[PDB]
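A short write-up of the structure that comes next.
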Amino acid sequence: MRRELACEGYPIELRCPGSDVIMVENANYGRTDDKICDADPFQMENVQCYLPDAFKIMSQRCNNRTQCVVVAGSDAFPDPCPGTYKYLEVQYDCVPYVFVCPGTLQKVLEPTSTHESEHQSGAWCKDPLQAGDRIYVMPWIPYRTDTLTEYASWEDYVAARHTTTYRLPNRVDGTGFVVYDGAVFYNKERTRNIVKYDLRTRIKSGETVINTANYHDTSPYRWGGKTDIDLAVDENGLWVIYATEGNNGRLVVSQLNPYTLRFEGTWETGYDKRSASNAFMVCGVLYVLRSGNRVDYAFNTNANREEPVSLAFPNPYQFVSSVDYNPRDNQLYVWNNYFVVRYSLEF
Ligand SMILES: *[C@@H]1O[C@H](CO)[C@@H](O)[C@H](O)[C@H]1NC(C)=O
Ligand SMILES: [Ca+2]
């Protein structure tokens, strides 16, 4: 994380790479060390001067912005130690697009519907970190799934006008995969491991074996078809939805770091995967499809408590391939029985 300093009276400016925005993670206005901002050795003596309130002052002015004009003076900041020279030490990070929870899910709408695709099963998702209409379409074919196609826009996909073709080094084992910061997260065929293939660099950059998780048609969805592992991205981050022997057939949702490829916890839900249609994450809350085509189960990982909220979902066809949520547009990317569809939501 980036760090910048400015003495008492001198302004501080936090710059972000081009389109990115400031995110304050640590801040203090005072003195921690004597050697910094030389003025008077008598004034430099107090090395225990702190102002914890400096966080909110910086966060209110710098966040959701590329740059911020903040002056480390007595006018904007309160003096914590009178008769001591001060400096502002700020530890921050730049984000391409920051995301916050829009609200609570109620009824799923029906707008934006695409044509009858070439294949019955597959998955499609937009990059939540990249601003634009870049569509990553991955058609699923049994025992030979291996290529992702790129499309410039909704108009570009319906007209069969593709931008590029990506030949993955491993075969895909399931439909509902996910694209995060130009990197594809997919399950390897005949294995419990997930591969991170960065399309940006066009080279493999990580692989993590998911322990106790049932792989390759062992524990897929109601229709089957190698969907043992279904990746989803929400407002919180990256999630890996699967089923273990430890939970006994039930869904095991776990948070995974997109860059370190390490786990940030493991949760247990009370809903069968063999009865489930397709699971996706929204604001850290799980939602499991049932196909009587509606979502009945929901589990809050942040609260570690479930809620059986039987809420309406648009009934498409008897064959549902993949249902994944995109937190950027707050829409549902659904591939089911050839037909590919977007869906707006109630908040
Ligand atoms: C990329 O590499 C593959 C395999 O070596 C080759 O078939 C393909 O033509 C290359 N793409 C181009 C046109 O650069
Ligand atoms: Ca899903």
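Following the order of the structure tokens, first chain is A, next is B, and so on, with residues numbered from 1 inside each chain and ligands from 1 in the order they appear.
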
Can you pull out every residue within 10 Å of residue 56 of chain A, counting only C-alpha atoms, but drop anything in the same chain fewer than 6 positions away, and send it as a list in words? residues 24, 27 and 62 of chain A

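Summary of the local environment: counting only C-alpha atoms, residues at most 8 Å from segment 7-12 of chain A, other than itself and those fewer than 4 positions away along its chain, are residues 37, 69, 70, 71, 72, 73, 74, 85, 86, 87 and 88 of chain A.
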
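Considering only C-alpha atoms, the residue among A:61, A:31, A:171, A:119 positioned nearest to residue 335 of chain A is A:119.
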
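Counting only C-alpha atoms and all ligand atoms, the residue from A:58, A:261, A:178, A:256 that sits nearest to ligand 2 is A:178.
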
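For the residues A:165, A:210, A:116, A:287, ranking by smallest atom-to-atom distance to ligand 1 using only C-alpha atoms and all ligand atoms places A:165 first.
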
With only C-alpha atoms as the counted atoms, please give the residues lying no more than 8 Å from residue 277 of chain A, apart from itself and same-chain residues fewer than 4 positions off, as a PyMOL selection string. chain A and resi 221-223+273+288-291+320

Would you mind listing what lies within 9 Å of residue 226 of chain A as JSON, numbers by chain, with only C-alpha atoms counted and same-chain residues fewer than 3 positions away left out? {"A": [142, 172, 173, 174, 175, 189, 215, 216, 217, 218, 219, 220, 221, 229]}

Which of these, A:234, A:207, A:53, A:329, has the shortest distance to residue 281 of chain A once you count only C-alpha atoms? A:234

Taking only C-alpha atoms and all ligand atoms into account, which residues are within 6 Å of ligand 2, as a PDB file with C-alpha atoms, in the first residue's frame?
ATOM      1  CA  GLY A 176     -20.655 -20.917 -13.675  1.00  0.00           C
ATOM      2  CA  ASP A 230     -19.554 -22.727  -9.236  1.00  0.00           C
ATOM      3  CA  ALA A 232     -19.337 -16.171  -8.067  1.00  0.00           C
ATOM      4  CA  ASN A 278     -27.261 -22.681  -9.438  1.00  0.00           C
ATOM      5  CA  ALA A 279     -25.778 -20.714  -6.500  1.00  0.00           C
ATOM      6  CA  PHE A 280     -24.548 -17.064  -6.713  1.00  0.00           C
ATOM      7  CA  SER A 322     -25.648 -21.124 -15.096  1.00  0.00           C
ATOM      8  CA  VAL A 323     -26.827 -18.201 -12.860  1.00  0.00           C
ATOM      9  CA  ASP A 324     -24.125 -15.706 -11.813  1.00  0.00           C
TER      10      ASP A 324
END

Quick check, in Å to one decimal: how far apart do atom CA of residue 147 of chain A and atom CA of residue 161 of chain A lie? 16.1 Å

Show me which residues line ligand 1, defined as having an atom within 12 Å of a ligand atom where only C-alpha atoms and all ligand atoms count, and present them as number ranges by chain. A: 164-169, 202-203

When you look at residue 103 of chain A with a cut-off of 9 Å (counting only C-alpha atoms), what residues show up, excluding the ones that are within fewer than 3 positions of it in the same chain? I need them as an MDAnalysis selection string. chainID A and resid 283 346:347

Skip residue 312 of chain A itself and residues of its chain fewer than 6 positions away, then list as a ChimeraX atom specification all residues within 10 Å of it, counting only C-alpha atoms. /A:106-109,292-296

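Taking only C-alpha atoms into account, residue 253 of chain A lies nearest to A:298 out of the set A:209, A:137, A:298, A:16.
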
Residue 99 of chain A proximity check over A:236, A:300, A:46, A:318, using only C-alpha atoms: winner is A:236

One-decimal distance in Å that lies between atom CA of residue 275 of chain A and atom CA of residue 213 of chain A: 17.1 Å

Taking only segment 127-179 of chain A into account, list the residues labelled alpha helix (DSSP H) by DSSP (computed from the backbone), as a ChimeraX atom specification. /A:154-158

With C-alpha atoms retained, write the just-selected residues as a PDB file, in the first residue's frame.
ATOM      1  CA  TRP A 154     -24.297  -6.917 -26.546  1.00  0.00           C
ATOM      2  CA  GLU A 155     -24.694  -5.859 -30.243  1.00  0.00           C
ATOM      3  CA  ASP A 156     -21.304  -7.513 -31.040  1.00  0.00           C
ATOM      4  CA  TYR A 157     -22.397 -10.853 -29.504  1.00  0.00           C
ATOM      5  CA  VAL A 158     -25.845 -11.095 -31.215  1.00  0.00           C
TER       6      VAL A 158
END

Could you tell me, as a PDB file with C-alpha atoms, in the first residue's frame, which residues of segment 159-302 of chain A DSSP assigns to strand (DSSP E) when given the backbone?
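Full text of part.pdb as output:
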ATOM      1  CA  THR A 164     -10.599 -12.550 -29.425  1.00  0.00           C
ATOM      2  CA  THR A 165     -10.463 -16.306 -28.602  1.00  0.00           C
ATOM      3  CA  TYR A 166      -8.719 -17.649 -25.462  1.00  0.00           C
ATOM      4  CA  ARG A 167      -7.383 -21.252 -25.479  1.00  0.00           C
ATOM      5  CA  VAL A 178     -15.920 -15.982 -13.093  1.00  0.00           C
ATOM      6  CA  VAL A 179     -13.684 -13.189 -14.641  1.00  0.00           C
ATOM      7  CA  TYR A 180     -11.819 -10.951 -12.127  1.00  0.00           C
ATOM      8  CA  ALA A 183      -8.125 -13.236 -14.944  1.00  0.00           C
ATOM      9  CA  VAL A 184     -10.377 -16.286 -15.462  1.00  0.00           C
ATOM     10  CA  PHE A 185     -11.178 -18.462 -12.434  1.00  0.00           C
ATOM     11  CA  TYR A 186     -12.144 -22.013 -13.501  1.00  0.00           C
ATOM     12  CA  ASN A 187     -12.150 -25.566 -12.061  1.00  0.00           C
ATOM     13  CA  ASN A 193      -8.281 -27.343  -8.031  1.00  0.00           C
ATOM     14  CA  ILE A 194      -9.140 -23.843  -9.446  1.00  0.00           C
ATOM     15  CA  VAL A 195      -6.835 -22.176 -12.040  1.00  0.00           C
ATOM     16  CA  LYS A 196      -6.252 -18.390 -12.409  1.00  0.00           C
ATOM     17  CA  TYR A 197      -5.473 -17.738 -16.101  1.00  0.00           C
ATOM     18  CA  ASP A 198      -4.759 -14.027 -16.636  1.00  0.00           C
ATOM     19  CA  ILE A 203      -0.132 -16.745 -19.014  1.00  0.00           C
ATOM     20  CA  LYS A 204      -1.162 -18.952 -16.001  1.00  0.00           C
ATOM     21  CA  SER A 205      -0.676 -17.101 -12.679  1.00  0.00           C
ATOM     22  CA  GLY A 206      -1.743 -19.453  -9.856  1.00  0.00           C
ATOM     23  CA  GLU A 207      -3.551 -22.714  -8.916  1.00  0.00           C
ATOM     24  CA  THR A 208      -5.137 -23.725  -5.562  1.00  0.00           C
ATOM     25  CA  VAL A 209      -6.407 -27.223  -4.627  1.00  0.00           C
ATOM     26  CA  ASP A 230     -19.554 -22.727  -9.236  1.00  0.00           C
ATOM     27  CA  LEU A 231     -17.523 -19.479  -8.823  1.00  0.00           C
ATOM     28  CA  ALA A 232     -19.337 -16.171  -8.067  1.00  0.00           C
ATOM     29  CA  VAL A 233     -18.310 -12.518  -7.478  1.00  0.00           C
ATOM     30  CA  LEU A 238     -14.344 -13.645  -4.788  1.00  0.00           C
ATOM     31  CA  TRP A 239     -16.318 -16.738  -3.632  1.00  0.00           C
ATOM     32  CA  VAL A 240     -15.966 -20.489  -4.393  1.00  0.00           C
ATOM     33  CA  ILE A 241     -19.286 -22.444  -3.978  1.00  0.00           C
ATOM     34  CA  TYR A 242     -19.000 -26.282  -3.722  1.00  0.00           C
ATOM     35  CA  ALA A 243     -20.007 -29.341  -1.564  1.00  0.00           C
ATOM     36  CA  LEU A 251     -23.216 -26.306   0.048  1.00  0.00           C
ATOM     37  CA  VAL A 252     -19.809 -25.114   1.371  1.00  0.00           C
ATOM     38  CA  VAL A 253     -19.234 -21.430   0.453  1.00  0.00           C
ATOM     39  CA  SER A 254     -15.662 -20.156   1.002  1.00  0.00           C
ATOM     40  CA  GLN A 255     -14.033 -16.720   0.493  1.00  0.00           C
ATOM     41  CA  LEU A 256     -10.881 -16.799  -1.686  1.00  0.00           C
ATOM     42  CA  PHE A 263      -8.669 -18.717   1.643  1.00  0.00           C
ATOM     43  CA  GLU A 264     -10.274 -16.099   3.932  1.00  0.00           C
ATOM     44  CA  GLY A 265     -12.658 -18.504   5.707  1.00  0.00           C
ATOM     45  CA  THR A 266     -14.970 -21.517   5.180  1.00  0.00           C
ATOM     46  CA  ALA A 279     -25.778 -20.714  -6.500  1.00  0.00           C
ATOM     47  CA  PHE A 280     -24.548 -17.064  -6.713  1.00  0.00           C
ATOM     48  CA  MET A 281     -23.390 -14.472  -4.099  1.00  0.00           C
ATOM     49  CA  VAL A 282     -24.886 -10.980  -3.417  1.00  0.00           C
ATOM     50  CA  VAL A 285     -25.339 -13.505   1.124  1.00  0.00           C
ATOM     51  CA  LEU A 286     -25.850 -16.821  -0.741  1.00  0.00           C
ATOM     52  CA  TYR A 287     -28.872 -17.408  -2.995  1.00  0.00           C
ATOM     53  CA  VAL A 288     -29.680 -20.931  -4.276  1.00  0.00           C
ATOM     54  CA  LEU A 289     -31.928 -21.450  -7.352  1.00  0.00           C
ATOM     55  CA  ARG A 290     -34.561 -24.249  -7.472  1.00  0.00           C
ATOM     56  CA  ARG A 294     -37.772 -19.555  -7.475  1.00  0.00           C
ATOM     57  CA  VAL A 295     -35.009 -18.946  -4.851  1.00  0.00           C
ATOM     58  CA  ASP A 296     -35.923 -20.363  -1.408  1.00  0.00           C
ATOM     59  CA  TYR A 297     -32.559 -20.606   0.454  1.00  0.00           C
ATOM     60  CA  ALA A 298     -30.292 -17.743   1.661  1.00  0.00           C
ATOM     61  CA  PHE A 299     -27.304 -17.715   4.121  1.00  0.00           C
ATOM     62  CA  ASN A 300     -25.537 -14.595   5.524  1.00  0.00           C
TER      63      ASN A 300
END
